[PDB]
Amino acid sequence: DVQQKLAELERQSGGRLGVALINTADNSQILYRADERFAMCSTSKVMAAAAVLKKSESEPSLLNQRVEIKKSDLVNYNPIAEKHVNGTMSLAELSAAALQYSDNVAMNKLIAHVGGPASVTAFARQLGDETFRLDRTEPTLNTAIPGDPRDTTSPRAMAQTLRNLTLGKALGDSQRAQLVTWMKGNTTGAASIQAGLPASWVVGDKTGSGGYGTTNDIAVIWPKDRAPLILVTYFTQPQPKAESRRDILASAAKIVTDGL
């Protein structure tokens, strides 16, 4: 069955796998280690962008607000921000860069705007997510040390929250649409969940990676002529310098969606 297949995949992988699928056709879930904590890495960029979107509901000019980019802002991975040093980007542009290119400067600007990691966490709490915690900024939030609860969530909580953000009523209508538009335009996810789904299915996702070979993806999925799915696949490994294993996420996605 699906549980045995996931256990076998985990055994083969040598690491620790967390999966939560919500099928909105029948309001069912497929769960594997879904209440364990995993380091989110860049999948936390969804919550930061959503916090800024929430703020924009009562401040219509917010997405146009200009943010200075300086050499002092650069971190480890800055594919968009590095092109704008000594200029500004709007908060909309930073949100897009964080979500679609995983730009770390962009993430730090979103975090700073709303008040820091504790404010992103407070936003999660306001949504009814009592598991999520964003502790640190970029680049340190990705250390992913085993047993460290900083910058973690559970697959169950993240799937439920992503459902709320993308398909539910956490955000106003325009803001929900904007988050969905941004995630559907992600450029970084083709090797992860998407690689385990049929080519025709439409996906909005956010990947992340970090220490201990941590390899993650969270997605909203519109299968051909079906109600949408939400899928979280988190994976981490025992060795500090383990390599990424996006193939494991793809395999997990194939296993949990084959019964469709």
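Numbering starts at 1 and follows the sequence shown.
Taking the mean C-alpha B-factor of each stretch as recorded, 75-83 and 122-130 are not equal, and the higher mean is that of 75-83. Remark: stretch with higher mean C-alpha B factor among 157-165 and 182-190 is 182-190. Which of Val19, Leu9, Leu249, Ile22 has the largest Cα B-factor in the deposited entry comes down to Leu9. Sort the modelled residues of the chain by CA B factor and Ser44 lands in the lowest third. Placement of the Cα temperature factor of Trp201 within the chain: highest third of the modelled residues, per the deposited record. Sorting the modelled residues of the chain by their CA temperature factor places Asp35 in the middle third. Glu93: CA B factor in the middle third of modelled residues in this chain (values from the PDB entry).
Ranked against the other modelled residues of its chain, the C-alpha B-factor of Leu231 as given in the entry falls in the lowest third.
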